[PDB]
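What follows is a short report on a single structure.
Side chains are part of it too, since the values below use all heavy atoms of this structure and drop only hydrogens, waters and symmetry mates. For ligands, and for the atoms within them, numbers begin at 1 and follow the listed sequence. Lettering follows sequence order; numbering is per chain, from 1.
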Amino acid sequence: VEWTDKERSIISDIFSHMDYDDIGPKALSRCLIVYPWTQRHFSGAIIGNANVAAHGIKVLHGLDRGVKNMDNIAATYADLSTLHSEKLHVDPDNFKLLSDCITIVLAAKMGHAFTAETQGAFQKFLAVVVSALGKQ
Amino acid sequence: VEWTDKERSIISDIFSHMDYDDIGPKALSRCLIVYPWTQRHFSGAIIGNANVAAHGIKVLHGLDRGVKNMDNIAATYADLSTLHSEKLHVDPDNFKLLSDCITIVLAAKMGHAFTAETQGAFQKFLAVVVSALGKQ
Amino acid sequence: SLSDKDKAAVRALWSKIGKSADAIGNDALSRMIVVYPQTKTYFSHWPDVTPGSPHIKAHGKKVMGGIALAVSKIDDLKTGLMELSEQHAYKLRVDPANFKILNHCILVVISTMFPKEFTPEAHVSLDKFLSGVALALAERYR
Amino acid sequence: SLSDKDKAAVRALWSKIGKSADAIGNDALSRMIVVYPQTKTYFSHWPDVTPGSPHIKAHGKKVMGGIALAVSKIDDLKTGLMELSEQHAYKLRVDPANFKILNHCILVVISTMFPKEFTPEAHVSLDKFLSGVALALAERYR
Ligand code: HEM
Ligand code: HEM
Ligand code: HEM
Ligand code: HEM
């Protein structure tokens with residue numbers, strides 16, 4: 001993928017202003033409730049579950065890694081891809097669904113500051129990360 | 001994307017054994033009939049239409065270009081992407097649909113020779129080409 | 001297909017956001033056009049197609065009016081949206097792949113405007129409802 | 001939703017390929033597992049999961065039996081496949097994104113075996129039918 005500088009700046013800004021411990025748990029919870037079949041990967045209410053929260057937080061720290069290597073994303077997630085794929089058996093479609101929930105939760109937090117332009121750079125970033133995770 | 005040598009060999013074999021003038025027209029016709037909304041890009045029966053045939057043939061010659069540059073696909077289709085996108089206004093989803101029809105037509109021609117392994121390399125090749133065409 | 005729980009969740013949500021329907025329509029169409037460039041081609045006959053544009057503001061009201069209609073015909077969307085389907089398929093020839101894109105923009109819009117109301121329980125029923133609308137609109141395509 | 005023309009096209013096609021149902025099921029499941037690796041996980045309890053495998057051969061018959069059932073309940077798939085839906089959603093917990101993948105493999109299989117019968121006119125009605133089956137099976141997921 002190719003990134004403009006305006007894109008690079010928006011994504012970077014979005015992440016420094018984001019509170020991972022709050023966005024993380026809300027996005028995963030919402031995904032488990034709106035797309036119920038993803039709940040199976042966590043069989044061991046949903047909004048208050050600490051295990052779901054911990055993984056919600058880990059997703060944001062993982063996306064953070066991608067923000068610091070925007071020009072080498074595919075390589076940055078090889079480990080995570082094999083892990084979710086080969087050892088956890090997470091369907092690749094589940095990444096697309098979780099991606100939309102992060103967008104919707106971030107949208108609810110930023111309000112009017114989540115302009116169309118901001119939505120665009122954020123969705124393109126998640127799209128690239130989703131391709132890398134649903135590859136290996 | 002990464003290609004094994006077995007993949008490189010299958011795709012290459014598939015194409016040299018393919019008769020473009022026969023597969024081309026059948027795949028586009030089938031797409032226009034199964035997914036009717038693609039017919040609008042050709043408003044100017046369907047199975048016998050020479051204009052549809054000519055473009056059907058051009059699709060195969062275009063994919064052929066990709067076979068000869070399997071390690072530089074994105075760059076090989078920049079021109080075609082901008083053309084179908086910016087000047088022809090073809091929805092990016094239309095490439096996925098046309099892609100499935102090429103597969104089904106090729107499947108009907110090769111019969112038992114279209115093994116699961118062959119289907120796999122062919123679909124991965126079309127997938128990469130579709131990403132490049134639905135990008136610019 | 002929508003259960004009684006889903007129908008009440010949507011009627012309930014709609015009684016809260018219905019008053020802002022025009023604003024939601026305007027912002028959703030603007031986002032769709034900016035974020036998904038392949039959609040501009042359908043509105044290129046308008047002289048101005050930017051977030052502020054009165055043409056977008058104007059069409060934004062018609063689209064959310066489509067939603068309001070769907071909400072009242074929620075027991076049978078297929079029948080309730082038949083004409084809107086015929087219109088998009090044969091007269092406007094809108095590629096059907098875009099219905100889900102606009103739905104997603106509407107969800108984003110509703111989330112920026114009513115963060116408090118758009119809970120995950122409301123989200124799932126509205127999402128099922130909007131998929132129903134997309135399915136109903138694709139009906140006359142083939 | 002399926003029109004009278006679609007229902008007769010499917011009954012017609014099915015009267016031609018029905019006799020080879022077992023073979024189609026076997027080859028479709030094999031392809032799906034080879035071409036879409038994410039699907040193997042659901043059949044990993046079987047000792048042998050390769051094209052030849054008797055477990056695959058055996059399950060291939062059950063799946064096409066699901067199709068045959070759907071063909072006979074073509075006037076109401078939602079109702080006709082309710083139990084198969086409950087089963088895949090709660091007992092087997094099959095991710096719903098895979099229904100379309102298997103459908104596509106079945107179409108490929110039918111095309112390699114009956115190139116003469118699978119015309120574009122037959123293809124569109126069968127495709128609409130298989131989407132109906134996928135929609136019916138996803139019914140109890142949420
Ligand atoms: C949006 C991209 C995602 C990222 C960046 C991500 C990241 C991570 C990370 C960093 C770990 C910890 C790895 C380790 O301990 O070695 C992990 C674990 C895991 N992930 Fe994900 N993940 C993502 C999406 C998903 C999805 C969609 C599911 C299924 C709903 C899922 C299910 C799991 C499970 C079951 C574990 C192990 C338990 C745990 O550590 O809490 N992940 N993930
Ligand atoms: C699968 C990938 C495709 C390839 C490789 C391809 C290739 C081409 C090529 C080589 C041209 C001629 C360009 C020129 O004259 O400068 C062309 C033209 C065109 N394509 Fe495609 N195309 C593809 C898919 C599609 C799809 C899905 C549609 C819409 C159903 C479409 C609609 C058109 C139209 C309307 C023209 C111009 C008329 C013509 O030259 O016959 N193409 N395409
Ligand atoms: C949320 C689903 C949608 C609903 C409820 C909806 C509703 C409507 C309504 C009520 C009209 C006015 C009918 C009339 O012309 O008298 C209309 C027109 C139109 N719609 Fe949609 N629509 C939807 C999605 C889409 C999408 C996704 C596109 C294309 C990106 C689209 C493109 C158009 C166009 C081009 C017109 C004619 C514009 C004009 O007034 O010149 N619609 N729609
Ligand atoms: C063409 C749509 C499908 C139909 C009609 C269908 C039909 C069936 C039927 C009739 C059964 C046997 C019920 C029983 O266990 O007594 C079954 C079981 C099962 N299905 Fe499906 N199915 C479909 C798609 C899928 C998909 C896409 C997957 C996952 C990749 C899947 C995975 C399973 C599994 C794991 C079982 C239990 C296997 C076993 O016997 O141990 N099915 N299905």
Nearest protein heavy-atom contact for [atom]: which residue, which atom, what distance?
atom                    : value
atom 31 (C) of ligand 2 : B:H55 CE1, 3.4 Å
atom 30 (C) of ligand 2 : B:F42 CE1, 3.5 Å
atom 27 (C) of ligand 2 : B:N94 O, 3.7 Å
atom 10 (C) of ligand 2 : B:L80 CD2, 3.7 Å
atom 13 (C) of ligand 2 : B:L83 CD2, 3.5 Å

Inset, instruction - Go through the steps for A:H41 and A:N94 under the test side chain to side chain donor-acceptor pair (under 3.5 Å), then give the verdict. - result: CA-CA 11 Å; A:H41 304 282; A:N94 294 4; 3.2 Å; yes
Inset, instruction - For this output row, return yes or no: ring centroids of C:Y90 and C:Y141 closer than 6.0 angstrom. - result: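 No; C:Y141 has its ring centre 6.0 Å or more from that of C:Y90.
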Proximity of [X] to ligand 1 by residue part, where a heavy atom lies under 4.0 Å:
X      : answer
A:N51  : neither
A:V59  : both
A:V130 : neither

[X] and ligand 2 - part of the residue with a heavy-atom distance under 4.0 Å:
X     : result
B:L97 : neither
B:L28 : neither
B:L32 : neither

Legend entry - ligand 3 atoms in contact with C:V94 (distance to a heavy atom under 4.0 Å):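 This gives 28 (C), 29 (C), 31 (C), 32 (C) as the contact atoms.
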Legend entry - Closest candidate by heavy atom, reference atom 6 (C) of ligand 1, pool A:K87, A:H84, A:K58: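 That would be A:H84.
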Inset, instruction - Give a yes or no answer on whether the side chain of C:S44 reaches the backbone of C:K40 with a donor-acceptor pair at less than 3.5 Å. - result: no
Inset, instruction - Give a yes/no on ligand 1: does A:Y77 have at least one heavy atom closer than 4.0 angstrom to it? - result: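 A:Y77 does not count as a contact of ligand 1 under the 4.0 Å cut-off.
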Inset, instruction - Indicate the ring-plane relationship of B:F15 and B:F122, choosing parallel, tilted or perpendicular according to the 30° and 60° boundaries. - result: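 Tilted.
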Inset, instruction - For atom 15 (O) of ligand 1, decide whether some protein heavy-atom distance is shorter than 4.0 Å. - result: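 Under 4.0 Å from atom 15 (O) of ligand 1, zero protein heavy atoms found.
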